[PDB]
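Geometric and topological summary
Chain residues, written in single-letter form:
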Amino acid sequence: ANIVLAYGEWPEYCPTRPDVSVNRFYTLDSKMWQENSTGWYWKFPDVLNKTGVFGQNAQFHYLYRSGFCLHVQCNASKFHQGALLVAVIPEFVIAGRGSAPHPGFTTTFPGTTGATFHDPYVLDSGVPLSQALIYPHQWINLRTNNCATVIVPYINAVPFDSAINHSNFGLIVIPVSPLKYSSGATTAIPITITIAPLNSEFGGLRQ
Amino acid sequence: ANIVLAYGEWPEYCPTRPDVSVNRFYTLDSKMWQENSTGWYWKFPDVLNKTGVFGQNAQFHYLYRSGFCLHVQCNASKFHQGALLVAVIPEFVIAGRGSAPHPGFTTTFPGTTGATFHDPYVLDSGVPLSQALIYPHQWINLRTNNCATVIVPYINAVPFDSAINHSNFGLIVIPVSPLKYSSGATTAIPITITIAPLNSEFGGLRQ
Amino acid sequence: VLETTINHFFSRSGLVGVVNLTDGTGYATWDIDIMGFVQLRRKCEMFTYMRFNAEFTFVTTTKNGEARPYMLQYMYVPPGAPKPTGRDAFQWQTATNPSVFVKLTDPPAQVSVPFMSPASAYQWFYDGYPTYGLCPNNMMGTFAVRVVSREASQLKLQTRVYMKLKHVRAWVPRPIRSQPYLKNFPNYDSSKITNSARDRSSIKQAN
Amino acid sequence: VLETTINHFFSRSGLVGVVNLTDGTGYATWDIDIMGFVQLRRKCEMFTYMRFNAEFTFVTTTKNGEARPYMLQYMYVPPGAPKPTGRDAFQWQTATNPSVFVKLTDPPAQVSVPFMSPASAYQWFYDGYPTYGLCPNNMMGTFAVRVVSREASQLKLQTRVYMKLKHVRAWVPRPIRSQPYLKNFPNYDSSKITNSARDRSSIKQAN
Amino acid sequence: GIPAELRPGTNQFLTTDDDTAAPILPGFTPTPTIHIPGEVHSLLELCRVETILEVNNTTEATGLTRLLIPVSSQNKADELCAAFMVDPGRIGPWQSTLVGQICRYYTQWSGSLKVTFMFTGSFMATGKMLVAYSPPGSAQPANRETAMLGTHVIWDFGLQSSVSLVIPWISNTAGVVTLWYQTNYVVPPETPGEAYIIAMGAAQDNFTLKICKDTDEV
Amino acid sequence: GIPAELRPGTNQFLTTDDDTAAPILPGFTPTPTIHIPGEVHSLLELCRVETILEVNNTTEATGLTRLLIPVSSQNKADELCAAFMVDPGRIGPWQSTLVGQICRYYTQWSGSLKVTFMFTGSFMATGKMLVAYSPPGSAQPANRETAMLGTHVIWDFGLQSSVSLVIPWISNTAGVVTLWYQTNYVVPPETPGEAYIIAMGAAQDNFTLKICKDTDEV
Amino acid sequence: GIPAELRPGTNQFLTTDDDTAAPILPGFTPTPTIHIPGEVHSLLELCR
Amino acid sequence: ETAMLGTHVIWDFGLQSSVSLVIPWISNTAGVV
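Each residue takes a number counted from 1 along its chain in the order the sequence is written, a numbering that need not match the entry; residues with no coordinates do not appear. In the order they appear in the text, chains get letters beginning with A and ligands get numbers beginning with 1. In this view, a larger assembly is represented only partially, and all stated values concern the represented chains. Just so you know, side-chain values use all the structure's heavy atoms and leave hydrogens and water out.

As stated in the entry header, the method of structure determination is cryo-EM and the reported resolution is 3.10 Å.

Structure, rendered in structure tokens:
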């Protein structure tokens, strides 16, 4: 089950709409949730910017517009305890932390590897994490469920925008409940993310 | 007879409405009208705050709303003369008498025993007693009638309010005509009050 | 058939306060109250519940009378909102406190404060504990005055507030007061009691 | 059902800037921005996309406060158009920059700037590169003030701008900020982090 | 740019004016009205209720005793018990009642007044009382039979313990209501030989009030 | 030349006034509206979403651990786990949630609040928890059986991992939600003997807010 | 004597404002329009 | 006042010179009037 429709809206059609293998499932590298882990985030256009057909289209097309089918799964045992909040944050602007630093491309656009949260409490944006449930979210409880499905449509003030210099939304997973285990258990459990870009459109075929 | 409907309104229903024994007749201690008597007053929510079922409900429920059937009877002989004004005064705010004192709980909320009037002429509120007939009132004349029935509905700006910290109305009885008698007669005659809380509602069941 | 209605009985602007600026304190506040002056206090206390919209007019003048075109700010602080503490304090710039900018030479400022009590009607006789018996249900807000200027002038000012009630309903009439007032509490003088009627020669003389 | 709508939530004029003329610089510019003041920045940043018309009122005053009938020019410079550089520079006379001529003694000048972003909505959280992430899509223009005169007077002035939003729509709500602001970028302090809730004695004490 | 000239009367603050004002909180609804019993709509509704007159307002009288007309057995017939004028606006006994207080907030009034007397004596004690109303412009009667000719009510304590006397019409020299010992105050043995009468007044459906004014009781 | 007099209230700048203004660019159309998902129309829509309470806001607690109610196996039955008041406007645990932040922009509120507890423990570890709601004006219960009599929900970890407790009604002394160790936190061998509970709150269809105001968090 | 209050924004000269003005020569007709070829209605016609 | 809460009858000599009080039920500690 665990089906969630972000804002009750479906990715949709209005360009070139390939929809042959650009809509296939891309599975990012698993993240090892540890006991001292602080969480990770992924800026989605940046995530798929080098993954085969989608990467080729996104890098060599000026404009782009598509939804996304998201599946976050955490493979844990019944002897592991912890909680994980999976929220999608439209225009997740990662901020600096100078008491004026200007982050860096490794943080703002972290790629398919993703980047960790330095201060998960403030979401690295100055906003408290408690209120982050306003976004389309999903709880992952190791005691109840493992799969977290979010279907996010195209959220932008303009019908199309570049997939290389702008991040449509960010996907964050945060261990609100620290991972706890006994002796001899797997000290780091994996979190798997699969991406299905429904209704993809591309335009402006640059070299 | 002697039936009076305060403001032509009946106590009514809009919580928990017990109406089994909370609507029974509670009879307060008789007041001994003397020749030097000055009158008494009763703040009604405070009056029934420790009388069995009504007391239990009122003290252990946050909100409360009900009307009241009132019966004031003065048992006098045909050789006794005097008059008694029985009026119900919504929000009867007993005032101080400093030429700034702040009365005291024994005066403001006198309980089922009631409290006497220090200055009946000013109603202990600075308002002359002559104009007190604007309220729903009843004359008791020892020569004509003994029973004084007033049915007062719920008079409040809010549908419910606490029965422990707020007094919905005050019931006052005042000897406008001093009690006079000959030698050998009963020097102090009694005044009896019975209370029937029609259409009682209670809410917020505190411990 | 029109001059006796409650609406007509209460609809007439009248002085409800006096406010003095100095601009060496710089500012001056004035908490909205009806019982500031005896003439209007004696009229509203004749009833129990009232519900009306108040219109406030500010006839501000200089010490001599002449009006240089100085700019003024009348800020309305609703109950709950903190009141300004200084001439340049940050509560002046709060956007949620409605403000009126007029010149000295301009016609008087006039605003309309609606019925905005938490309850369904006002009441200046509260019987209970929240004399005491003061109800926070009727605060009606506050009015603050200052001269807006990048530099503190030396102007001396004196403001007069005129308040007018309309769409006014009343419930539960009660006697008009006869004892002199002693500002929120109906305290009177126990010894100095003024009889409501002037003394005459004898009861048998009509004049 | 009316005070909670977005239109009502945002419609209230409030100080968005302070401008000082000197007329020895002679003029003073002020780039239109919402995030100049913390109180209104914290309100608009609660959403992602907003679309509204802004109304600007200029309450200008002298240093002391008195207003000689000097003539003023408020020039609106839309984005792209060069801003005035001097008091007598040729950008003041440009007919395409709308201008408002009012006197000091006249009532404050009031104008209405419509929604004129190149996109279909504003956005103050831009995730990408054009903290960085600054979007030129929301500039809203500029305001310039000078005294018109064939000779440079010696008047010293201080202008106050009050901005009011109407016909305002919002999309994609997001958490309200808790960390103190550090003017365009959501930078916070890594070390000084203010917990969103005040500390109490123990978790078992309700107060 | 419609033509419009500022007619005289602008730039002024008229206190009496019934003109609208700009709301401080536009579009802000108030608390919805609930049903509160005892709603009033005019001061006439407050005027048509009986209220005690202070007919014993003479000197050397304490608080509560100022509302009582003292009748005694040791008073001969054809004698005056109490007298008071009818006009409520002018100071006197009506300064204590409610209609004599509301009418002090106005300037003019015109209608029929109702005066009620209620007797507080022993049920075993009876008597008679002549309540005579002297029309305006006529001096106070000096004898009971002169007062009997005009408007009057014969009041018998044994049968009726409370009598009513509707006054035909009054306006803003005034009209006198006199209480006459018609026969006596008879009293059985072992019973007080001194009773009291309370006088209460009101207005009728004919009462109207014109032109408001500020009182002088403050 | 139509007659017209300047009624008082002119020549003034009313900040609250909802009056039109002359456009800077008349006849200039704006960018046509497109369909952007997630449109809002009232703050109530933002209030009816569950949001984490900071019930562990006590001292000596780091950032993320302030949102967690710590439950342990080494705690006896009939014992208090955590307690927090219900009113969201006043500082405390509700200072972290969204409904307790939006209601700080207003002055008054009235409606039913929803409180949710979600348990983050091992699937093999179960237990029981008494969630009791103390109505306003009643002090915090000192014993589990006193809290049991009032409004309460029996919460069993084995069956339900997330429980809901609708609070009947609150207004602007406040109402206390207490968490009681009903039985214990049983734990199988080779499994941590310490779990956490997160508390999340929201509003209902009964929630309304009156009279805006400026916050003090800035 | 109709009630009317001067709302803010009066006593000002707004350059952009599309408001009428009093004619210098009221009731004076202009030269009747003749058909001149090449009429334009928008700058787009000049752009294409 | 403790006796007033339970079953009771208010008896006025002026009106009624003889009052009745039906006792609900008794059996074979006893019940007090």
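We are not done yet, so read on.
The next subject is the interface of chain A and chain F. It only takes one pair of heavy atoms within 4.5 Å for two residues to be counted as in contact. Between chain A and chain F, the contact holds 34 residues from the first and 41 residues from the second. Of all residues in chain A, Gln81, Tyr121 and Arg143 of chain A give up the largest surface area on contact with chain F, accounting jointly for 25% of the area buried on that side. For the purposes of these results, a polar contact is taken to be a pair of N or O atoms within 3.5 Å, where, inside protein, one atom must be able to donate a hydrogen and its partner to accept one; residues adjacent in sequence count only when each atom of the pair is a side-chain atom. Taken together, the connections running from chain A to chain F amount to 13 residue pairs in polar contact. Helix and strand definitions here come from DSSP, where helices need a minimum of 4 consecutive H or I residues and strands a minimum of 2 consecutive E residues; each element is numbered from the N-terminal end. Looking at the side of chain A that touches chain F, the elements that each hand over two or more residues are β7 (81-90), β9 (137-141) and β11 (169-180) of chain A. In terms of residue count, the dominant contributor to the side of chain A that touches chain F is β11 of chain A (5 residues). Buried area counts how much accessible surface, traced with a 1.4 Å probe, disappears from two parts once they are put together, with both parts' losses summed.

This part takes up the environment of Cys47 of chain F. Residues and elements named next belong to chain F. Counting through the fold element by element, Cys47 comes out in helix α1 (residues 43-47). Taking C-alpha positions, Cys47 is 8.7 Å from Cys103, a pair spaced 56 residues apart along the chain. Residue contacts for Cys47: discarding those within four places in its chain leaves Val99, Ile102, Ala202, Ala203 and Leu209.

So, about the side chain of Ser178 of chain D. In this structure, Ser178 of chain D sits in the segment after β9 (157-171). Only protein chains enter the accessibility calculation, which uses a 1.4 Å probe; a residue is then buried when its area is under 20% of its type maximum, exposed when over 50%, and partly exposed in between. Relative accessible area serves as the criterion here: at 7%, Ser178 of chain D is assigned to the buried category. For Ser178 of chain D, the side chain forms a polar contact with the side chain of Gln179 of chain D, separated by 3.3 Å. Residues contacting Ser178 of chain D, with those up to four places away along its chain left out, are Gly126 and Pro128 of chain A, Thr194 and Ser196 of chain D together with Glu217 of chain F.

This part takes up the interface of chain C and chain E. Note on interface size: it is often stated as the accessible area lost on association of the parts. Counting from both sides, the interface comprises 58 residues of chain C and, opposite them, 63 residues of chain E. When chain C packs against chain E, close to 5000 Å² is buried across both sides, 60% of that on carbon and sulfur atoms. Take a side-chain nitrogen of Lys or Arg and a carboxyl oxygen of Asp or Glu: if they are within 4 Å of each other, that pair is a salt bridge. Connecting chain C to chain E are 2 salt bridges. Between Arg169 of chain C and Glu39 of chain E there is a salt bridge, and its shortest N-O distance comes to 2.8 Å. In this structure, the connection of chain C to chain E is made through 25 residue pairs in polar contact. Those elements that provide at least two residues to the side of chain C that touches chain E are α1 (6-10), α2 (38-44), β3 (49-62), β6 (109-113) and β9 (157-171) of chain C. The residue inventory of the side of chain C that touches chain E, partitioned by class, reads 28 nonpolar, 17 polar and 13 charged. One requirement defines pairing of two strands: DSSP has to find at least two bridges between them. As paired strands, β9 of chain C and strand β2 (residues 39-40) of chain E are joined by 2 bridges and run antiparallel to one another. In the scheme used here, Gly and all other residues not listed as nonpolar or charged are polar, with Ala, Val, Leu, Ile, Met, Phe, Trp, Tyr, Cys and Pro taken as nonpolar and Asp, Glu, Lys and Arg as charged.

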